[PDB]
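Sequence order for the protein chains is B and A. Those letters in the first sequence? Residues 302 to 326, 333 to 350, 358 to 558, per PDB author numbering, in order. Those letters in the second sequence? Residues 2 to 28, 33 to 51, 58 to 258, per PDB author numbering, in order.
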Amino acid sequence: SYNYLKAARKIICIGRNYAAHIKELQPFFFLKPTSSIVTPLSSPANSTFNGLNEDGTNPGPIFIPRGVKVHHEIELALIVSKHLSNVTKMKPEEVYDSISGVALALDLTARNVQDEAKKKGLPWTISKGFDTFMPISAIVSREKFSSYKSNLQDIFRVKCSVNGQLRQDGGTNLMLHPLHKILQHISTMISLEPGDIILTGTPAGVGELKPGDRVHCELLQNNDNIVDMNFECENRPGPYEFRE
Amino acid sequence: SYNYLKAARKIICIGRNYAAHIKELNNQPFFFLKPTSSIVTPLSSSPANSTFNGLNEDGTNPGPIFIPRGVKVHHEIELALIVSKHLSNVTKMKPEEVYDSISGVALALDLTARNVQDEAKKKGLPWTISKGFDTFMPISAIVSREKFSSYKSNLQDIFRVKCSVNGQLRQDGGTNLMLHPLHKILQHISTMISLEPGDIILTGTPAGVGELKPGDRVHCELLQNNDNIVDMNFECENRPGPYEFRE
Ligand SMILES: [Ca+2]
Ligand SMILES: [Ca+2]
């Protein structure tokens, strides 16, 4: 089921949210356009995005734009199911009641474009929003993990492999800002509504992606595979070309 | 009609897009997104502690401009285009094609948390929050293209925008001062972030940016061939939540 993708009016993400070292066991956010959504192949002309299908699907490859160095970032996505506006405080048990399920997503980033944006203090939008820059899986309904209703913070494990090599493998228990604080903090600035997709950060191990690479990503629940997706990278057509 | 608002999948904006001195007129651009959750319409357009609870079947969201605690807000009056078709990897667009790529235009305010944005700039961090607070995109009803069907060969020079606060005029400029024209904006954007019917594109603001504080009265308008086609007003208030900016 990819239908939830049609109800997504917004995609807000959190950055640098995973511990790289034991000792560290403040936050910034950025948007991603829903036009960047792309779904696995097994789910017009010169077009790199023509809108989602009736069922919310958008099968296609990752379009690496010319001149751009793309880095992959595997992440757990929350599918908000309630209206959250200026929440003063949320407890772990409440995350479950605020979402309809989760999904496995890749927060593709145009590294060199972002490097230049950070240098000039300019918007990150483009480096984070190219078409297909948010490859995502089908939704995993909460009922599938209602048994962990009181706290979902430690049950998930996310991993990403490129060309048969494991590059990222982290558990959500390494998260710096927990799920309940993410939902609460955000609501005090940019109110959330049903259908909103929230990316919660990526674990260490970010690597690059080039045309021809095969990406295999997984989402585990108590070390049990519940999401397995694959994407192929190709050259983005059109006239775009990034040159510093 | 504010129904178009319900169909907007995204809001993209172009920055520093207006000449401030004659000199540049006889001759680079960056973009950023805004959440549709930042939309707010005039009080006469149509729960608890909520500064945004979704749009009505109307497409409206009548309300004040909620200014966050500790935040300094700057107003930016701008012309918004309402895309009507799929634009992806377009190689070239002529001024004449703008009319057929939109269903109309609207008058919008691109509100910004200046001190929050200054900090982001220094730290090289995203502008999202400084540009996305609820109500940070006050916007008018739609102006259907038939209204200006007569200039379908080139709409670049027929509009003018103006913003005034507490009775005093602050911003006033014609779209003829735009550094990057409407057809180029649409074209260039499509080569990175494809557009689909319903997308809203903010096209930049003229010089004269100023501040808005709780209790302020904002009056903005859009003219076509120097005739007022849209006139909207907004009230500023204190954001009612736990948020507070401190440097
Ligand atoms: Ca990320
Ligand atoms: Ca602006």
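Cβ atoms here follow ideal geometry from the backbone N, Cα and C, with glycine treated the same way.
- Report all residues from its chain with a CB closer than 7 Å to the CB of A:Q128; omit the five preceding and five following residues, and keep chain order. Within the second sequence, residue 128 of chain A is the residue found at index 117, counting from 1. Contacts found: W138, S141.
- Item | Exposure of B:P379, with buried meaning 16 or more beta-carbon neighbours within 10 Å | What you label residue 379 of chain B is simply residue 65 of the first sequence in a count that begins at 1. By the neighbour-count rule (16 or more Cβ atoms within 10 Å), B:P379 is buried.
- Query: In whole angstroms, what separates the C-alpha of A:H230 from that of A:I169?
  - Reply: Position 219 of the second sequence holds residue 230 of chain A. Position 158 of the second sequence holds residue 169 of chain A. Taking the straight line joining both Cα atoms gives about 21 Å.
- When you check each C-beta in the segment 194 to 226 of chain A against every C-beta of chain B, which residues fall closer than 7 Å? Against chain B - using a Cβ distance shorter than 7 Å - the residues of the segment 194 to 226 of chain A are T202, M203, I204, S205, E207.
- Grab the span of the beta strand (DSSP E) containing A:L223 for me, first residue to last. Position 212 of the second sequence holds residue 223 of chain A. Bounds of the beta strand (DSSP E) holding A:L223 are 221 to 223.
- Query: From the beta carbon of A:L38, is the nearest beta carbon of chain B less than 9 Å away?
  - Reply: Translated into positions along the second sequence, residue 38 of chain A becomes position 33. Nearest CB-CB separation between A:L38 and chain B: below the 9 Å threshold.
- Quick one: does the C-beta of B:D483 sit closer than 8 Å to a heavy atom of ligand 1? Indexing the first sequence from 1 puts residue 483 of chain B at position 169. No, since every heavy atom of ligand 1 falls outside the 8 Å radius drawn around the Cβ of B:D483.
- Message: Just to confirm the assignment, what range does the alpha helix (DSSP H) spanning B:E407 have?
- Response: Indexing the first sequence from 1 puts residue 407 of chain B at position 93. Residue range 406 to 412 is occupied by the alpha helix (DSSP H) that includes B:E407.
- Message: By the DSSP assignment, the beta strand (DSSP E) with A:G178 in it spans what residues?
- Response: By 1-based counting over the second sequence, the position of residue 178 of chain A is 167. A:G178 -> no beta strand (DSSP E), and no H or E assigned at all.
- Query: By the criterion of Cβ-Cβ separation under 7 Å, what are the contact partners of B:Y554 in chain A?
  - Reply: To locate residue 554 of chain B, count along the first sequence from 1; it is residue 240. Below the 7 Å Cβ cutoff, chain A contributes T202, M203 as neighbours of B:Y554, in chain order.
- Message: What are the residues in the segment 403 to 429 of chain B lying within 7 Å of chain A by C-beta distance?
- Response: Residues passing the 7 Å Cβ filter: none.
- Where A:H230 meets chain B, residues with beta-carbon distance less than 9 Å: One-based indexing of the second sequence puts residue 230 of chain A at position 219. Within 9 Å Cβ-Cβ: nothing; A:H230 doesn't reach chain B, min ~26 Å.
- If we cut at 9 Å on Cβ distances, does residue 331 of chain B have a partner in chain A? Absent here is residue 331 of chain B, because the residues of chain B run from 326 on to 333 with nothing modelled in between.
- Task: Kindly examine ligand 2 and report whether one of its heavy atoms sits closer than 8 Å to the Cβ of A:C14.
- Result: Within the second sequence, the letter at position 13 stands for residue 14 of chain A. Here the distance from the Cβ of A:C14 to the nearest heavy atom of ligand 2 is below 8 Å.
- Message: Rounded to whole angstroms, what is the Cα-Cα separation between A:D242 and A:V172?
- Response: Position 231 of the second sequence holds residue 242 of chain A. Position 161 of the second sequence holds residue 172 of chain A. Straight-line Cα distance between these residues: approximately 10 Å.
- Task: Please find out if some non-hydrogen atom of ligand 1 comes closer than 8 Å to the beta-carbon of B:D527.
- Result: Within the first sequence, residue 527 of chain B is the residue found at index 213, counting from 1. False, no ligand heavy atom lies under 8 Å from that Cβ.
- For the alpha helix (DSSP H) containing A:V127, list its first residue and its last residue. Counting from one through the second sequence, the residue named residue 127 of chain A turns up at place 116. Run containing A:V127: 125 to 134, per the alpha helix (DSSP H) assignment.
- Query: What residues of chain B sit near A:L136, judged by a beta carbon separation below 7 Å?
  - Reply: By 1-based counting over the second sequence, the position of residue 136 of chain A is 125. Here the neighbours are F335.
- Task: Can you pull the chain B residues whose beta carbon is under 7 Å from the beta carbon of A:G65, in chain order?
- Result: Mapped onto the second sequence, residue 65 of chain A falls at position 54. Within 7 Å Cβ-Cβ: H397, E507.
- Query: Mind checking A:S99: buried by the 16 CB within 10 Å criterion, or exposed?
  - Reply: On the second sequence, residue 99 of chain A is found 88 positions in, with the first residue counted as 1. Under a 10 Å Cβ-count criterion, A:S99 is classified as buried, with 16 or more other Cβ atoms of the shown protein chains found around its own Cβ.
- Task: State the CB to CB distance for the pair A:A152 and A:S49, rounded to an integer number of angstroms; the pair is presumed to be in contact (CB under 8 Å).
- Result: On the second sequence, position 141 is the one that residue 152 of chain A refers to. On the second sequence, position 44 is the one that residue 49 of chain A refers to. Rounded, the Cβ-Cβ distance is 11 Å, inconsistent with contact.
- Query: Counting pairs of Cβ atoms below 8 Å between the segment 334 to 342 of chain B and the segment 517 to 537 of chain B, do you hit three or more?
  - Reply: No, they do not touch.
- ligand 2 heavy atom lying under 8 Å from the CB of A:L213: Taking the first residue of the second sequence as 1, we reach residue 213 of chain A at position 202. With a cut-off of 8 Å, the C-beta of A:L213 is classified as near ligand 2, since at least one heavy atom of the ligand falls inside that distance.
- Query: Are any of the Cβ atoms in chain A nearer than 9 Å to that of B:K311?
  - Reply: Residue numbering aside, residue 311 of chain B sits at position 10 when the first sequence is read from its first letter. For B:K311, the answer is yes, since a Cβ of chain A falls inside 9 Å of its Cβ.
- Whether A:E207 touches B:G365 by CB criterion (9 Å): Taking the second sequence and counting its residues from 1, one reaches residue 207 of chain A at position 196. Taking the first sequence and counting its residues from 1, one reaches residue 365 of chain B at position 51. Yes; because the gap between Cβ atoms is below 9 Å, this pair is in contact.
- Report back the beta-carbon spacing between A:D210 and A:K11 to the nearest angstrom; my notes put them in contact at under 8 Å. As a working mapping, residue 210 of chain A is identified with position 199 in the second sequence. As a working mapping, residue 11 of chain A is identified with position 10 in the second sequence. Indeed they touch by this definition, with Cβ atoms about 6 Å apart.
- Message: Below 8 Å on C-beta distance, what does A:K133 contact in chain B?
- Response: As a position in the second sequence, residue 133 of chain A is number 122, starting the count at 1. Within 8 Å Cβ-Cβ: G435.
- Within-9 Å CB hit, B:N360 to chain A: Working through the first sequence from its first residue, we reach residue 360 of chain B at position 46. It does: the Cβ of B:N360 has a partner Cβ on chain A nearer than 9 Å.
- Task: Under 8 Å by Cβ, that's how I've got A:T216 and A:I88 pegged, so tell me the actual separation to the nearest angstrom.
- Result: Here residue 216 of chain A refers to the residue found at position 205 of the second sequence. Here residue 88 of chain A refers to the residue found at position 77 of the second sequence. Indeed, because the Cβ distance is near 6 Å, the residues count as touching under 8 Å.
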